[PDB]
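So the structure is just underneath, and the comments pick up after that.
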Amino acid sequence: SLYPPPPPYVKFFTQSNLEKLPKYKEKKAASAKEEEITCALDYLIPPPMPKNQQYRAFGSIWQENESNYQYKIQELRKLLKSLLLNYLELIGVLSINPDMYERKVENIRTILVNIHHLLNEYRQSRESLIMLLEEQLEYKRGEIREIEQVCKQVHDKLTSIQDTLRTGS
Amino acid sequence: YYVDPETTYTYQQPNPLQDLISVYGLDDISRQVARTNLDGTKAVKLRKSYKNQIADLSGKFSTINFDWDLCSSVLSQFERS
Amino acid sequence: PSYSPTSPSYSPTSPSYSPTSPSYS
Amino acid sequence: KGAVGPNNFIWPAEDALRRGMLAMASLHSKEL
Amino acid sequence: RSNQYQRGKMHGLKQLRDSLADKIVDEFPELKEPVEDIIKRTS
Amino acid sequence: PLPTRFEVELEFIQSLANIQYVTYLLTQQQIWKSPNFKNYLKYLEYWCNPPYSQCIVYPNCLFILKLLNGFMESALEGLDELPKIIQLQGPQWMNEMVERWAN
């Protein structure tokens, strides 16, 4: 069907199984002193994390104070200059002998592809943390400073009123 | 990065910039069936098909294992009848 | 003429009961 | 919107679940 | 007509790359040397 | 190879985010009638803590199951209103998820 069937073990665990789970896990721990499914109550025991700390799904694999970059910068600049130079040479190829133009085209793309690699090491979450950091920091400083400004102006008004009433005495 | 002094590209031959008709001395037929003469006047009247190449021959072209002796004898007998 | 028209009694909140099953190829 | 790009949706894809190994796992639930 | 188109596009491309080489030399003198070699690679 | 129970339970949790899946599951009588399914739903609650929450792909179902948790004391009735209510309350629920995680 369109919707896959519920998992099979879901139907094994009734309320009685839930209430008898404590004694079952106590007995299992006492006896113990891929997990084989010898009893229907085994699944409620929390599954163990794989030792390799890896998870595979759909053909793809998955697994501290914030809780020479100049070399990369100059590499990027020289790569951009070489990319412009190669673009000029490739368009010249198109001009004179376009029949073999593709011979350079993908080459240029490789440099562009390398640029993407040069982005990968530069990857930005810390920079986003920084920018959010300063925006809420400056917002709270603005709120604070307007607080002492308003309380100070109220105090100044109170002192002026006190002087006015003392003069009228 | 891709600047390779060892990689040299030669001029495409023949060069389209030059007069490709006169490269191999191929001007005679082109002049023979040229659109216009050197003065620009029309040389000959132009048309489509091969019909006018047979007009000199006699005729009115308004709309455009084996025994030969035995067949000839059969035709002779048929005509004589 | 027409004494009174009918009040709109649409029920878009009705979930419908269309059976879906021939999705797998 | 008209171009169905793979592996980038807001919600889990129905085709992703169909192609996921859970489908055959449910089919092979007897083998489990 | 095709030959005239070819010649016109060749002239256009030639002026394109001449102007591009000239300006790349102008604003980027450090890349001037390869650009001429690029011409040597093309012409 | 045969996937482990981790993979199938995680895929079930992430598929619970679909409104069509929830509507289909609640359409059948015996799914809600059987206490086994709700027992499994309450068992699934323990994935809201790390490091399990780091393995999720769509955080919305995190509330949905919790919303489904509410369904055991709110009633089946309300199944028809489920798509409308999720569409209407998507903004504030996304905001509260962001507050729970992004802050």
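Going by the structure tokens order, chains are called A, B, ..., each with residues numbered from 1, while ligands are numbered from 1 in the order shown.
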
Open item on the list: At a cut-off of 9 Å, using only C-alpha atoms, what residues contact stretch 9-24 of chain C? Leave out same-chain residues fewer than 2 positions from it and give the result as a PyMOL selection string.
Closed with: (chain A and resi 1-3) or (chain C and resi 6-7) or (chain D and resi 18) or (chain F and resi 23+27+79-84)

Saved selection, atoms kept: C-alpha atoms, as a PDB file, in the first residue's frame:
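The resulting file, part.pdb, is shown below:
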ATOM      1  CA  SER A   1       0.000   0.000   0.000  1.00  0.00           C
ATOM      2  CA  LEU A   2       0.929   3.683   0.023  1.00  0.00           C
ATOM      3  CA  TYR A   3       1.565   3.548   3.781  1.00  0.00           C
TER       4      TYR A   3
ATOM      5  CA  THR C   6     -30.309  28.498   1.473  1.00  0.00           C
ATOM      6  CA  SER C   7     -27.556  29.195   3.974  1.00  0.00           C
TER       7      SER C   7
ATOM      8  CA  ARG D  18       9.071   4.014  -0.625  1.00  0.00           C
TER       9      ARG D  18
ATOM     10  CA  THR F  23      -4.592  10.842   8.966  1.00  0.00           C
ATOM     11  CA  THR F  27      -8.468   6.422   9.939  1.00  0.00           C
ATOM     12  CA  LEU F  79      -9.211  13.526  13.166  1.00  0.00           C
ATOM     13  CA  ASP F  80     -11.031  15.688  10.613  1.00  0.00           C
ATOM     14  CA  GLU F  81      -9.676  18.891  12.180  1.00  0.00           C
ATOM     15  CA  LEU F  82      -6.069  17.618  12.198  1.00  0.00           C
ATOM     16  CA  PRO F  83      -4.903  19.071   8.828  1.00  0.00           C
ATOM     17  CA  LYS F  84      -6.585  22.428   9.429  1.00  0.00           C
TER      18      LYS F  84
END

Task: Who sits within 8 Å of stretch 15-23 of chain B, only C-alpha atoms, same chain under 3 positions skipped, as a count of residues only - done: 7

TODO: Define the interface residues of chain E facing chain B as those within 12 Å, counting only C-alpha atoms, and report them as a list in words.
DONE: residues 2, 3, 4, 5, 6, 7, 8, 9, 10, 11, 14, 31, 33, 34, 35, 36, 37, 38, 39, 40, 41, 42 and 43 of chain E

Task: Interface residues on chain D facing chain C, 12 Å, only C-alpha atoms, written as a VMD selection string - done: chain D and resid 14 to 15 17 to 19 23

Open item on the list: What's the separation between atom CA of residue A:142 and atom CA of residue F:91, in Å to one decimal place?
Closed with: 28.8 Å

- [ ] Could the residues of chain F within 12 Å of chain A, counting only C-alpha atoms, be given as JSON, numbers by chain, please?
- [x] {"F": [1, 2, 3, 4, 5, 6, 7, 8, 9, 10, 11, 12, 13, 15, 16, 18, 20, 21, 22, 23, 24, 25, 30, 31, 32, 33, 34, 35, 36, 37, 38, 39, 40, 41, 42, 43, 44, 46, 47, 51, 52, 54, 55, 56, 57, 102, 103]}

Open item on the list: With 8 Å as the limit and counting only C-alpha atoms, what residues in chain D lie close to chain F? Please list them as a list in words.
Closed with: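 On the chain D side, the interface is residues 11, 12, 17, 21, 22 and 25 of chain D.
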
TODO: Kindly give the distance, in Å, that separates atom CA of residue A:113 and atom CA of residue E:28, rounded to a single decimal.
DONE: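 Here the two named atoms are 24.0 Å from each other.
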
- [ ] Taking only C-alpha atoms into account, report as a VMD selection string which residues of chain A lie within 10 Å of chain B.
- [x] chain A and resid 78 to 79 81 to 83 85 to 86 89 93 96 to 97 104 107 to 108 111

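Taking atom CA of residue F:28 and atom CA of residue F:67 as endpoints, the distance between them is 18.8 Å.
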
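With only C-alpha atoms taken into account, the protein and nucleic acid residues at most 10 Å from stretch 39-52 of chain B (excluding it and anything under 4 positions from it in its own chain) are residues 32, 33, 34, 35, 56, 57, 61, 62, 63 and 64 of chain B.
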
Write to file, as a short mmCIF file (atom, residue, chain, number, x, y, z; two decimals), in the first residue's frame, the residues of the selection just made, with N, CA, C and O atoms.
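Okay, part-v2.cif is ready:
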data_model
loop_
_atom_site.label_atom_id
_atom_site.label_comp_id
_atom_site.auth_asym_id
_atom_site.auth_seq_id
_atom_site.Cartn_x
_atom_site.Cartn_y
_atom_site.Cartn_z
N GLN B 32 32.35 31.16 -64.29
CA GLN B 32 31.50 30.64 -65.36
C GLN B 32 30.02 30.72 -65.00
O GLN B 32 29.18 31.07 -65.84
N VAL B 33 29.68 30.40 -63.75
CA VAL B 33 28.28 30.37 -63.32
C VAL B 33 28.03 31.43 -62.27
O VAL B 33 27.18 31.27 -61.39
N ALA B 34 28.77 32.54 -62.34
CA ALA B 34 28.60 33.63 -61.40
C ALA B 34 27.22 34.26 -61.56
O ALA B 34 26.61 34.23 -62.63
N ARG B 35 26.73 34.85 -60.46
CA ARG B 35 25.42 35.49 -60.48
C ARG B 35 25.39 36.65 -61.48
O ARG B 35 24.45 36.78 -62.27
N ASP B 56 18.52 21.17 -77.80
CA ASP B 56 19.22 21.09 -79.08
C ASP B 56 18.91 19.79 -79.82
O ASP B 56 18.93 19.76 -81.05
N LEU B 57 18.63 18.72 -79.09
CA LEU B 57 18.28 17.46 -79.71
C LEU B 57 16.87 17.50 -80.28
O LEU B 57 15.99 18.21 -79.77
N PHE B 61 9.86 18.00 -76.10
CA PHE B 61 9.82 17.68 -74.68
C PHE B 61 8.91 18.68 -73.96
O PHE B 61 9.34 19.51 -73.14
N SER B 62 7.62 18.60 -74.29
CA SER B 62 6.64 19.50 -73.68
C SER B 62 6.49 19.24 -72.19
O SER B 62 6.43 20.18 -71.39
N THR B 63 6.43 17.97 -71.79
CA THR B 63 6.25 17.58 -70.40
C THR B 63 7.45 16.78 -69.93
O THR B 63 7.81 15.77 -70.55
N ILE B 64 8.07 17.22 -68.84
CA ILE B 64 9.19 16.50 -68.24
C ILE B 64 9.00 16.42 -66.73
O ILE B 64 8.65 17.41 -66.09
#
